[PDB]
Ligand SMILES: *CC(=O)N1CCN(S(=O)(=O)c2cccc(F)c2)CC1
Ligand SMILES: *CC(=O)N1CCN(S(=O)(=O)c2cccc(F)c2)CC1
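Chains as they are written, first to last, in the entry's author numbering: chain A, 1 to 304; chain A', 1 to 304. A prime marks a further copy of an entry chain.
Right, here's the structure in full:
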């Protein structure tokens, strides 16, 4: 019993983290096979960062200007290319610790683990969600860029995020491992405002199911609702619209608990309308939206 | 910027997790050098667990009854002893992945990472605190016993917890790696009630400092207080008494923020008395007490 904000074990990703230095800028790189992936802004002087022309900046860079260090051993860079907002540094040595891996571009609402790194060295691991406005709420100081977000399916690491940017509002923006930003963000030190950070309704519902399974049941009410009625309340409270697809995804949790999804919707409706009245659910005074239905089933069933 | 509930990178501990089977009971073991540590209740039939005499049960067990599997390879058990509530299984092979390590017995309020495991395989990592009533609020299903809690200082893993028990109230009890329970708990399926789960005041204050550093400042007020006045309010709200030792430990955060510890105390006092009024601090509607002052400095400074 008990339900914790839980990250994937980080070992497989720890084995991939390197330090990348171009000129005076040091950040993190991901070493998979004989390629090191890192943010292209590694080539910028903080001056350059105001209006960088990366293709022009890159012309002035040779393989030998990219200093790649795996622990205390230097890797030989034998090639470099820009793909969107990442550099791919070809090294002469395949990472011996390369796990089975995929690059995936996640959807908003999807959760992942971040391995926060500085100088290619892991400092911590935490669980994130891709927000509906394509930001993440991370913990990233200077030097953390190139830290990656991942999911693990048994022995295959799906890399979904690389850290690039802090917005002026202290929220985080980054790319997939093909170097494409999540959302409208660009790797330039300019005015970039986030859109509405709406709540991930399907994740809240998953987490209410987790609470019932772990004995927290005070919020269960005598009511039901419809998708359309619920969605009127969701709209009012800056919750994402709930779709039949979301209802379908919550099916297994509905089955295990015997609480119809639309009944749990009606409970969430009362929680929005009435608040928590100083009570808590799984040790939270607010409605948690950084657990997916898949996360709830995983943790509640104990997948390794 | 940003402040996350952050676990240590788990790789060094992943490399130590094995499966231990005695009869029909499978749980987790920690393999350090040529010793595998596991809960002694591995030898019990759930019947035995009602009133086990472990010394008597152990007489019926030989080295060959302890099945130890590291991945898909079996370890040869060449010795076994009981130390308090853990078994130490001597194996003929030193764990090649043994990190630098220590066994430490932590104090209540101290935080650590748990690597939740099933069948010797890591499923997730989360951050815990030793509660003032010597329980932890974990995520542990059947098979998770022998999962360990740890801190890392650069390259040295300090093992502080091994999971043994769920209390009827769904909170968790376990031992240090010398097999001594935290608190009054025993490895027997009997009535064991937890004492008052008081809030770790020094940790709340650390986390209020983290909030100021990350730009969450709405709760800062015009007031100060004294340790004695604050402690009267703490008592009333089931907060641990604040000592000069706690004030001393918060010194570095006080220095960096320019907020006197007793000023932050007065802010916490108003938060207790007035509540959050529907506002949040670092995305929390309650006062977080599972960050130590050391955790706040670590994450805010970026130690690896
Ligand atoms: C995005 C990121 O982590 N980095 C690495 C550090 N550099 S920097 O320009 O070297 C720098 C160092 C210290 C303080 C700074 F504000 C920047 C920026 C990109
Ligand atoms: C404490 C712990 O994790 N374990 C391992 C599992 N066993 S058990 O007796 O094999 C068991 C299996 C399934 C369901 C159970 F309730 C118990 C108990 C000790």
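All C-beta atoms in this analysis are idealised placements derived from N, C-alpha and C, irrespective of residue type, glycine included.
Excluding the 5 residues preceding and the 5 following residue i in the sequence, name in chain order all residues of the same chain whose CB lies nearer than 7 angstroms to its CB.
i, result
"residue 27 of chain A", "20, 38, 39, 42, 143, 145 and 146"
"residue 293 of chain A'", "202, 206, 249, 250 and 253"
"residue 198 of chain A", "132, 238, 239 and 240"
"residue 218 of chain A'", "279"
"residue 22 of chain A", "42, 43, 61, 65 and 66"
"residue 139 of chain A'", "116 and 126"
Beta-carbon within less than 6 angstroms of residue i's beta-carbon, same chain only, minus the 5 sequence neighbours each way: which residues are those?
i, result
"residue 129 of chain A", "111 and 290"
"residue 5 of chain A'", "127"
"residue 187 of chain A'", "41, 85 and 164"
"residue 192 of chain A", "167 and 185"
"residue 44 of chain A", "52"
"residue 288 of chain A'", "207"
Counting only beta-carbon atoms, is residue i nearer than 8 angstroms to chain A'?
i, result
"residue 163 of chain A", "no"
"residue 166 of chain A", "yes"
"residue 214 of chain A", "yes"
"residue 124 of chain A", "yes"
"residue 99 of chain A", "no"
"residue 115 of chain A", "yes"
"residue 240 of chain A", "no"
"residue 139 of chain A", "yes"
"residue 191 of chain A", "no"
"residue 1 of chain A", "yes"
"residue 83 of chain A", "no"
"residue 201 of chain A", "no"
"residue 299 of chain A", "yes"
"residue 170 of chain A", "yes"
"residue 143 of chain A", "yes"
"residue 55 of chain A", "no"
Going by beta carbon distance, what residues of the same chain come within less than 8 angstroms of residue i, once the five residues before and after it are set aside?
i, result
"residue 242 of chain A", "201, 202, 205, 227, 230, 231, 234 and 265"
"residue 224 of chain A", "260, 262, 263, 265 and 266"
"residue 273 of chain A", "233"
"residue 304 of chain A", "154"
"residue 95 of chain A", "15, 16, 31, 32, 33, 34 and 70"
Would you say the beta carbon of residue i is closer than 7 angstroms to some non-hydrogen atom of ligand 2?
i, result
"residue 26 of chain A'", "yes"
"residue 46 of chain A'", "yes"
"residue 53 of chain A'", "no"
"residue 29 of chain A'", "no"
"residue 145 of chain A'", "yes"
"residue 142 of chain A", "no"
So, under 8 angstroms CB-CB, residue i and residue j are touching, yes? Tell me the CB distance rounded to an integer number of Å.
i, j, result
"residue 114 of chain A'", "residue 104 of chain A'", "About 15 angstroms separates the two Cβ atoms, so there is no contact after all."
"residue 50 of chain A'", "residue 82 of chain A'", "Actually they are not in contact, since the Cβ atoms of residue 50 of chain A' and residue 82 of chain A' sit about 19 angstroms apart, beyond 8 angstroms."
"residue 159 of chain A'", "residue 177 of chain A'", "5 angstroms"
"residue 221 of chain A'", "residue 282 of chain A'", "Wrong, their Cβ atoms sit about 18 angstroms apart, outside the cutoff."
Given the structure, does residue i come close to ligand 1, in the sense that its CB is under 7 angstroms from one of the ligand's heavy atoms?
i, result
"residue 113 of chain A", "no"
"residue 41 of chain A'", "no"
In the DSSP output, which residue or residues are listed as bridge partners for residue i?
i, result
"residue 323 of chain A", "What is shown of chain A runs 1 to 304, which leaves residue 323 of chain A out entirely."
"residue 121 of chain A'", "A':118"
"residue 79 of chain A", "A:90"
"residue 213 of chain A", "Answer is none; residue 213 of chain A lacks a bridge partner."
"residue 53 of chain A", "Its beta-bridge partners do not exist; DSSP assigns none."
"residue 129 of chain A'", "A':111"
"residue 7 of chain A'", "A:125"
"residue 39 of chain A'", "A':86"
"residue 235 of chain A'", "Paired residue(s): none; residue 235 of chain A' is not in a bridge."
"residue 161 of chain A", "A:149"
"residue 301 of chain A", "Note: residue 301 of chain A sits in no beta bridge, so no partner."
"residue 17 of chain A", "A:30"
Could you tell me whether any Cβ in chain A is nearer than 8 angstroms to the Cβ of residue i?
i, result
"residue 5 of chain A'", "yes"
"residue 159 of chain A'", "no"
"residue 268 of chain A'", "no"
"residue 118 of chain A'", "yes"
"residue 9 of chain A'", "yes"
"residue 178 of chain A'", "no"
"residue 174 of chain A'", "no"
"residue 285 of chain A'", "yes"
"residue 302 of chain A'", "yes"
"residue 273 of chain A'", "no"
"residue 69 of chain A'", "no"
"residue 25 of chain A'", "no"
"residue 121 of chain A'", "yes"
"residue 378 of chain A'", "With chain A' running from 1 to 304 in the structure shown, residue 378 of chain A' is simply not present."
"residue 47 of chain A'", "no"
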